[PDB]
$ cat input_16.cif   # mmCIF, C-alpha atoms and all ligand atoms
data_upload
#
loop_
_atom_site.label_atom_id
_atom_site.label_comp_id
_atom_site.auth_asym_id
_atom_site.auth_seq_id
_atom_site.Cartn_x
_atom_site.Cartn_y
_atom_site.Cartn_z
CA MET A 1 -23.02 -15.80 -2.80
CA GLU A 2 -21.96 -16.04 -6.46
CA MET A 3 -18.37 -15.11 -5.56
CA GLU A 4 -18.49 -17.77 -2.86
CA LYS A 5 -19.87 -20.43 -5.21
CA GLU A 6 -17.05 -19.51 -7.61
CA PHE A 7 -14.55 -19.84 -4.73
CA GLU A 8 -15.82 -23.30 -3.78
CA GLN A 9 -15.56 -24.42 -7.42
CA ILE A 10 -12.06 -23.02 -7.80
CA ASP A 11 -10.92 -24.74 -4.61
CA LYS A 12 -12.55 -28.04 -5.61
CA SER A 13 -11.09 -28.08 -9.12
CA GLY A 14 -7.72 -26.75 -7.88
CA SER A 15 -7.65 -23.95 -10.44
CA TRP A 16 -6.12 -21.06 -8.44
CA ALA A 17 -2.87 -21.13 -10.45
CA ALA A 18 -4.74 -21.21 -13.77
CA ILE A 19 -7.01 -18.31 -12.83
CA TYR A 20 -4.06 -16.30 -11.58
CA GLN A 21 -1.99 -16.89 -14.70
CA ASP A 22 -4.95 -15.80 -16.84
CA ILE A 23 -4.84 -12.51 -14.95
CA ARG A 24 -1.14 -12.11 -15.59
CA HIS A 25 -1.61 -12.80 -19.31
CA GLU A 26 -4.35 -10.13 -19.63
CA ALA A 27 -2.67 -7.49 -17.51
CA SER A 28 -1.90 -4.05 -19.06
CA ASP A 29 1.66 -3.16 -20.09
CA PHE A 30 2.71 0.49 -20.22
CA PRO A 31 6.12 2.16 -20.24
CA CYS A 32 8.22 2.83 -17.16
CA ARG A 33 10.95 4.93 -18.83
CA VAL A 34 11.53 7.28 -15.87
CA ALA A 35 11.96 4.44 -13.35
CA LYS A 36 14.61 2.90 -15.67
CA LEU A 37 16.84 6.04 -16.05
CA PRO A 38 20.35 5.29 -14.71
CA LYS A 39 20.11 8.10 -12.14
CA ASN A 40 17.04 6.42 -10.58
CA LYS A 41 18.69 3.00 -10.10
CA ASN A 42 19.24 3.56 -6.41
CA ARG A 43 15.63 4.71 -5.92
CA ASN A 44 14.26 1.27 -6.84
CA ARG A 45 14.35 -1.68 -4.47
CA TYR A 46 13.75 -4.24 -7.21
CA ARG A 47 14.85 -4.02 -10.83
CA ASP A 48 11.66 -5.74 -12.00
CA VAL A 49 9.06 -3.62 -10.14
CA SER A 50 8.63 -0.06 -11.50
CA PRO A 51 5.80 2.46 -11.63
CA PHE A 52 4.30 3.19 -15.03
CA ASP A 53 5.08 6.68 -16.36
CA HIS A 54 1.39 7.55 -16.73
CA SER A 55 0.46 6.96 -13.06
CA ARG A 56 3.70 7.55 -11.14
CA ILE A 57 3.72 10.01 -8.25
CA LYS A 58 5.92 13.03 -9.01
CA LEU A 59 7.94 14.67 -6.24
CA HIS A 60 7.88 18.50 -6.32
CA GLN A 61 11.64 18.82 -6.26
CA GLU A 62 13.83 20.47 -8.87
CA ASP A 63 16.61 17.93 -9.11
CA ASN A 64 14.76 14.65 -9.39
CA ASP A 65 11.00 14.09 -9.27
CA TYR A 66 11.21 10.29 -9.06
CA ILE A 67 9.83 7.98 -6.39
CA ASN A 68 8.75 4.33 -6.92
CA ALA A 69 5.08 4.99 -6.23
CA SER A 70 1.87 4.83 -8.30
CA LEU A 71 -1.57 6.51 -8.07
CA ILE A 72 -4.32 3.89 -8.29
CA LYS A 73 -7.49 5.87 -9.07
CA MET A 74 -10.51 3.55 -8.79
CA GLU A 75 -13.07 5.66 -10.56
CA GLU A 76 -16.21 3.66 -9.80
CA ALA A 77 -15.23 2.98 -6.20
CA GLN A 78 -14.44 6.76 -5.91
CA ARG A 79 -11.30 6.01 -3.87
CA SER A 80 -7.65 6.58 -4.71
CA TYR A 81 -4.59 4.82 -3.26
CA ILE A 82 -0.84 5.44 -3.52
CA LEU A 83 1.00 2.09 -3.77
CA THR A 84 4.72 2.32 -3.15
CA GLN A 85 7.70 0.10 -2.30
CA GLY A 86 8.97 0.12 1.25
CA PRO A 87 11.37 3.13 1.45
CA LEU A 88 15.07 2.55 1.01
CA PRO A 89 17.68 4.02 3.38
CA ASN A 90 18.18 6.86 0.82
CA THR A 91 14.47 7.41 -0.06
CA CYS A 92 12.91 7.93 3.37
CA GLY A 93 13.01 11.71 2.88
CA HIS A 94 11.36 11.23 -0.53
CA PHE A 95 8.67 9.06 1.02
CA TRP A 96 7.67 11.66 3.61
CA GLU A 97 7.95 14.42 0.99
CA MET A 98 5.37 12.47 -1.01
CA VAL A 99 3.11 12.10 2.05
CA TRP A 100 3.37 15.87 2.63
CA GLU A 101 2.87 16.91 -1.02
CA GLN A 102 -0.03 14.53 -1.59
CA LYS A 103 -1.73 15.54 1.71
CA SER A 104 -2.10 11.92 2.81
CA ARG A 105 -3.47 11.25 6.31
CA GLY A 106 -2.75 7.52 6.63
CA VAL A 107 0.11 5.16 5.85
CA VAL A 108 -0.63 1.40 5.62
CA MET A 109 2.36 -0.92 6.10
CA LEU A 110 2.04 -4.68 5.54
CA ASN A 111 5.50 -6.05 6.31
CA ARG A 112 8.15 -6.11 9.05
CA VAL A 113 11.33 -4.12 8.34
CA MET A 114 13.25 -7.41 8.24
CA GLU A 115 11.76 -10.78 7.28
CA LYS A 116 13.92 -13.90 7.21
CA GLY A 117 16.95 -11.62 7.31
CA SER A 118 15.86 -9.73 4.18
CA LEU A 119 15.53 -5.96 4.58
CA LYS A 120 12.07 -5.25 3.17
CA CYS A 121 12.09 -1.56 4.11
CA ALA A 122 14.14 0.94 6.00
CA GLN A 123 13.20 2.05 9.54
CA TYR A 124 11.48 5.16 8.24
CA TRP A 125 9.50 6.21 11.33
CA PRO A 126 10.68 6.68 14.95
CA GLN A 127 10.33 3.75 17.32
CA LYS A 128 10.71 5.99 20.39
CA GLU A 129 8.99 9.25 21.32
CA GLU A 130 12.30 10.78 22.46
CA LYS A 131 14.24 9.99 19.24
CA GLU A 132 12.45 11.91 16.53
CA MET A 133 13.77 11.75 12.96
CA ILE A 134 14.89 14.59 10.72
CA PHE A 135 15.07 14.09 6.92
CA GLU A 136 17.60 16.69 5.98
CA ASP A 137 17.22 16.32 2.24
CA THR A 138 13.46 17.17 2.24
CA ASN A 139 13.46 19.33 5.49
CA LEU A 140 10.86 17.23 7.35
CA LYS A 141 10.74 16.20 11.02
CA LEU A 142 8.82 13.14 12.21
CA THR A 143 7.95 12.41 15.87
CA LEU A 144 6.20 9.36 17.41
CA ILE A 145 3.34 10.73 19.57
CA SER A 146 1.80 7.46 20.71
CA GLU A 147 1.09 3.91 19.60
CA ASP A 148 -1.57 1.27 20.24
CA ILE A 149 -0.01 -2.18 19.99
CA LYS A 150 -2.51 -4.99 19.29
CA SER A 151 -1.98 -8.70 18.70
CA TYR A 152 -2.02 -8.57 14.87
CA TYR A 153 -1.32 -4.89 14.12
CA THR A 154 -0.17 -1.57 15.64
CA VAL A 155 -1.62 1.90 15.04
CA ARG A 156 0.74 4.84 15.56
CA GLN A 157 0.05 8.55 15.88
CA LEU A 158 2.91 10.46 14.15
CA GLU A 159 3.55 14.18 13.92
CA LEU A 160 4.99 15.26 10.56
CA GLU A 161 6.50 18.77 10.51
CA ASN A 162 7.58 20.80 7.46
CA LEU A 163 10.67 22.46 8.94
CA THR A 164 10.61 25.21 6.31
CA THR A 165 7.15 26.51 7.35
CA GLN A 166 6.80 24.91 10.82
CA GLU A 167 3.39 23.54 9.76
CA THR A 168 2.54 20.21 11.45
CA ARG A 169 0.22 17.39 10.47
CA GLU A 170 -0.98 14.25 12.27
CA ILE A 171 -0.29 11.09 10.27
CA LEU A 172 -1.76 7.71 11.30
CA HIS A 173 0.54 4.71 10.75
CA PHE A 174 -1.45 1.45 10.30
CA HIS A 175 1.07 -1.38 10.60
CA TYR A 176 -0.11 -4.96 10.01
CA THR A 177 2.74 -6.68 11.83
CA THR A 178 1.95 -10.41 11.58
CA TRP A 179 1.74 -11.41 7.92
CA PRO A 180 3.60 -14.77 7.79
CA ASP A 181 7.23 -15.04 6.63
CA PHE A 182 6.03 -17.44 3.88
CA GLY A 183 2.59 -17.56 2.21
CA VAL A 184 -0.58 -15.79 3.33
CA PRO A 185 -2.48 -15.67 6.63
CA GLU A 186 -4.52 -18.82 7.31
CA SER A 187 -7.54 -16.75 8.06
CA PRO A 188 -8.52 -13.27 6.84
CA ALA A 189 -10.18 -12.25 10.10
CA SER A 190 -7.25 -10.20 11.43
CA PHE A 191 -6.56 -8.58 8.01
CA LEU A 192 -10.24 -7.55 7.74
CA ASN A 193 -10.25 -6.17 11.26
CA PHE A 194 -7.21 -4.14 10.23
CA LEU A 195 -8.80 -2.98 6.94
CA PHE A 196 -11.94 -1.85 8.76
CA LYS A 197 -9.86 0.03 11.35
CA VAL A 198 -8.09 1.98 8.60
CA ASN A 199 -11.45 2.90 7.10
CA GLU A 200 -12.96 3.85 10.49
CA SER A 201 -10.06 6.22 11.26
CA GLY A 202 -11.14 8.74 8.61
CA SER A 203 -7.82 8.41 6.71
CA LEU A 204 -9.58 7.39 3.49
CA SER A 205 -11.94 10.35 3.54
CA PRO A 206 -12.05 12.26 0.23
CA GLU A 207 -11.17 15.33 2.37
CA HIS A 208 -7.57 14.00 2.57
CA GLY A 209 -5.04 12.93 -0.02
CA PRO A 210 -4.84 9.20 -0.94
CA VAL A 211 -3.82 6.68 1.66
CA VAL A 212 -0.27 5.45 1.11
CA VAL A 213 0.05 1.64 1.04
CA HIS A 214 3.29 -0.29 1.04
CA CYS A 215 4.97 -3.66 1.56
CA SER A 216 8.39 -4.66 0.16
CA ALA A 217 7.76 -4.09 -3.54
CA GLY A 218 4.41 -2.36 -3.23
CA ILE A 219 2.54 -4.91 -5.35
CA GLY A 220 1.90 -8.20 -3.52
CA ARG A 221 0.58 -7.65 0.03
CA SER A 222 -0.24 -4.05 -1.00
CA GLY A 223 -2.16 -5.38 -3.94
CA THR A 224 -4.16 -7.63 -1.59
CA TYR A 225 -5.05 -4.63 0.59
CA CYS A 226 -6.12 -2.37 -2.32
CA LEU A 227 -8.08 -5.16 -4.03
CA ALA A 228 -10.00 -6.17 -0.92
CA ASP A 229 -10.71 -2.57 0.08
CA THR A 230 -11.96 -1.61 -3.38
CA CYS A 231 -14.15 -4.70 -3.67
CA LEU A 232 -15.76 -4.09 -0.26
CA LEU A 233 -16.35 -0.44 -1.19
CA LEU A 234 -18.03 -1.51 -4.41
CA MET A 235 -20.25 -4.01 -2.63
CA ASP A 236 -21.35 -1.25 -0.26
CA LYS A 237 -21.95 1.24 -3.13
CA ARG A 238 -23.68 -0.84 -5.85
CA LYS A 239 -27.27 -2.11 -5.89
CA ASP A 240 -26.22 -5.72 -6.78
CA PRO A 241 -23.18 -6.68 -4.62
CA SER A 242 -23.05 -10.08 -6.40
CA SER A 243 -22.08 -7.99 -9.44
CA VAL A 244 -18.56 -7.32 -8.10
CA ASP A 245 -16.08 -9.35 -10.17
CA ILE A 246 -12.80 -9.46 -8.24
CA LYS A 247 -10.79 -10.46 -11.31
CA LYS A 248 -12.14 -7.49 -13.24
CA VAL A 249 -11.34 -5.15 -10.31
CA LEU A 250 -7.81 -6.52 -10.18
CA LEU A 251 -7.30 -6.03 -13.92
CA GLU A 252 -8.51 -2.44 -13.52
CA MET A 253 -5.98 -1.80 -10.72
CA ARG A 254 -3.19 -3.34 -12.80
CA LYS A 255 -3.76 -0.51 -15.31
CA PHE A 256 -2.12 1.75 -12.69
CA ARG A 257 0.66 -0.42 -11.25
CA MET A 258 2.22 -3.64 -12.55
CA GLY A 259 2.13 -6.98 -10.79
CA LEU A 260 -0.56 -6.39 -8.16
CA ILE A 261 -1.15 -9.76 -6.44
CA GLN A 262 2.10 -11.70 -6.85
CA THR A 263 0.92 -15.29 -6.23
CA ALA A 264 -2.11 -17.51 -6.61
CA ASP A 265 -2.18 -17.77 -2.79
CA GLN A 266 -2.51 -13.99 -2.49
CA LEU A 267 -5.34 -14.17 -5.03
CA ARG A 268 -7.15 -16.89 -3.02
CA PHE A 269 -6.59 -14.89 0.18
CA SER A 270 -8.06 -11.78 -1.46
CA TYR A 271 -11.19 -13.78 -2.34
CA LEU A 272 -11.44 -14.99 1.26
CA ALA A 273 -11.13 -11.49 2.63
CA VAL A 274 -13.75 -10.08 0.29
CA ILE A 275 -16.20 -12.94 0.90
CA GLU A 276 -15.84 -12.69 4.68
CA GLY A 277 -15.88 -8.91 4.69
CA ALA A 278 -18.95 -8.88 2.48
CA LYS A 279 -20.74 -10.78 5.22
CA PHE A 280 -20.13 -7.82 7.58
CL CL B 1 20.23 9.27 -16.07
CL CL B 2 6.28 -7.91 1.44
CL CL B 3 2.48 -10.47 -12.27
#

$ encode --input "input_16.cif" --output "structure tokens"
Amino acid sequence: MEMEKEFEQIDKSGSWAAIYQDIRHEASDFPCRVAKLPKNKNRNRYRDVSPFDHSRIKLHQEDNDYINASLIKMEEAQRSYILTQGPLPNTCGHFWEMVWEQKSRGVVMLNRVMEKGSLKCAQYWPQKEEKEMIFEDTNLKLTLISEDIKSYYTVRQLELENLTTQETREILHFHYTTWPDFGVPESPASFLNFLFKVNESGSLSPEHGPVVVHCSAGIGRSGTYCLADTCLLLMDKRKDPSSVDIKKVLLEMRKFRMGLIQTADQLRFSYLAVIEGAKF
């Protein structure tokens, strides 16, 4: 209830922008030297969103280990997430190499490939069973096995094959397809349904590698997902759920990737999701 009382006060006083800017002022700042090397320019979608050196995911490849992706290790929640930008036309092989190397079971996608004409990520998985994809640079094959299309999101069963060894893995693609072109969803019900479905699938089990979460830059909608999921985990784990301080959780996550939650509306939406999910 305390988080809800705080929410009602913030709404009443109109202080979402002030709270959000306090977060930005306190956020950690660590170097991103590798992301800024000239040879990595075309591996970054946005010049102002980079992974920190200390938490970036390294590809196991001799020529260039760089991908714009960060390991968010929430120690108290005992859950790890990989937050990444939506893959570029030239980094789709890198993306699936990362999924393979990190042993991830689930991919969470929070955008449409094109929004208001802007390409927010490449078409990095097959839309049709009969047109599988081959990533020649990383020697991976990806096939659509089936998909379950719902009103607010789609879940896909993908088969990822390492063509070198012929080993195959099932990857679940959790695609929230209806986040609005501008702003945040009016209600968090569909987002929470989605978040619970990811958790119910087993993809977050400590038996697998970290779930991979992405949007356009990997910080705004992805930040909302990680923040809400961590907060709901903590409420389920701790003895006093009213003890969960969403701003503190968000500052902890920002130690691992810059810029998580990109507007005061996304912050308010994260509060709504956590308050409503806490009630479940
Ligand atoms: Cl260079
Ligand atoms: Cl986005
Ligand atoms: Cl920011």

$ closest_residue --input "input_16.cif" --among "A:179, A:95, A:256, A:196" --to "residue A:137" --atoms "only C-alpha atoms"
A:95

$ closest_residue --input "input_16.cif" --among "A:47, A:25, A:12, A:238" --to "ligand CL 3 (chain B)" --atoms "only C-alpha atoms and all ligand atoms"
A:25

$ residues_around --input "input_16.cif" --residues "residue A:76" --least-positions-apart "3" --cutoff "10 Å" --atoms "all atoms listed in the file" --output "JSON, numbers by chain"
{"A": [73, 79, 230, 233, 234, 237, 238]}

$ residues_around --input "input_16.cif" --residues "residue A:130" --least-positions-apart "6" --cutoff "12 Å" --atoms "all atoms listed in the file" --output "list in words"
residues 142, 143, 144, 145 and 146 of chain A

$ atom_distance --input "input_16.cif" --atom1 "atom CA of residue A:56" --atom2 "atom CA of residue A:35"
9.1 Å

$ residues_near_point --input "input_16.cif" --point "(-5.3, -5.7, -0.4)" --cutoff "12 Å" --atoms "only C-alpha atoms" --output "number ranges by chain"
A: 81, 83, 108-110, 176, 184, 188, 191-192, 194-196, 213-215, 218-232, 246, 249-250, 253, 260-262, 266-274
